[PDB]
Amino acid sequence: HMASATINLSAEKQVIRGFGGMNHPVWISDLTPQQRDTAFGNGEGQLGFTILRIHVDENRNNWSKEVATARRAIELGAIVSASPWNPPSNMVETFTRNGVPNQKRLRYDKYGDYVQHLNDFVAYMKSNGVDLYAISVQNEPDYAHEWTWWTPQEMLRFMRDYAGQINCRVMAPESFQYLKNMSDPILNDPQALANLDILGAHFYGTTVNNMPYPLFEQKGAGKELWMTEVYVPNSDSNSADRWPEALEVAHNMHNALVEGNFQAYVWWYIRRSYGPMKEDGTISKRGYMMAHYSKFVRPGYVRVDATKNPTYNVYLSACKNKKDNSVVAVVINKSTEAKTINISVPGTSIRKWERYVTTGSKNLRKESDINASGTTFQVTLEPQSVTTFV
């Protein structure tokens, strides 16, 4: 009868870097002081985010707007990465792309000037107490109808010949859909690869079959792998509490971690009516989905091999804390029926798991402890739920 899963604590996969979202105090309102605490603290009623993404404004007169939120995030334990949408206008030119005129690209004679712009941003933020973890070449170079386009070859030239001059970790290429044609040239060129620090990708329309990346398994030693922007399954206004729709967020995170080996998962706007924090500053259902990972799977934990889909509609991931060999398992049950799983964790000394459960009617509710029979933990997952075992 009963479905089984095995967590193999000896089969280490990616080290987790963290989870978070975007602040954009030029396009929308900045996080307020209270919201910064809710986002980046890990106390009760807080999301436990450990990554803040910000934008690099084309107008340096806007850079000061980023500082208060970025400082507070770092103070609360987060790291900060920054992505540009456009270069300063004096470095851009127009061209026609696939018959559409007036599209923007970085002038070929301004690649060095663009390095200086990025370095100026890094230095400004450093002077203001914000030591950026990484800076990106371009947000969505391959979906730039409303910003600056880069072909795979333009991105390659920059990565190969210019990016080594950036005074920070370099992130690229942030394809809108993790399209490998944007990143393959970087990985296949030794100098471009040397100048890369973080392979960044977005997940808009990315299917599970497109989440593995064999070339990155081959060439990515010492590089980090970050999913730096998504919202799922939509950006509908006032959607963040929709249930069971919100389960798609947990499922997408599961997929990023287990199918994509991603070390970081970063939402779009943190505070938004379709985001993890609602406009009233409280956590949405979509936010609790994130929290099932972010509050528990802390930076430096390592994902381990575990049966990922032990029965239909059930999805399992597991990460280990190397300081004490404890484990955090996040288990999604999308079924309308309860599901009982026997989870084997050979070689663990752990004998008790605590658990926190979210459904349509409760958020991170602490439910009864699981007691192991030897190294096997039998669990029954409520319908349409997420459970974190710790």
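Residue indices: 1-based, along the sequence shown.
A summary of the deposited B-factors shows that, of 120-128 and 260-268, the stretch with the larger mean C-alpha value is 120-128.
For the pair 368-376 and 10-18, the mean Cα B-factor is higher in 368-376. Reading the B-factor column for the CA atoms of 234, 284, 207, 139 in the entry, the top value corresponds to 234. Within the selection 173, 212, 275, 222, the deposited Cα B-factor values reach their highest point at 222. Per-chain ranking of the deposited C-alpha B factor places residue 164 in the highest third. Compared with the other modelled residues of the chain, the Cα B-factor recorded for residue 248 ranks in the middle third. Sorting the modelled residues of the chain by their CA temperature factor places residue 44 in the highest third. When the modelled residues of the chain are ordered by C-alpha B-factor, residue 229 sits in the lowest third. Remark: residue 65 belongs to the middle third of its chain, ranked by C-alpha B-factor as recorded.
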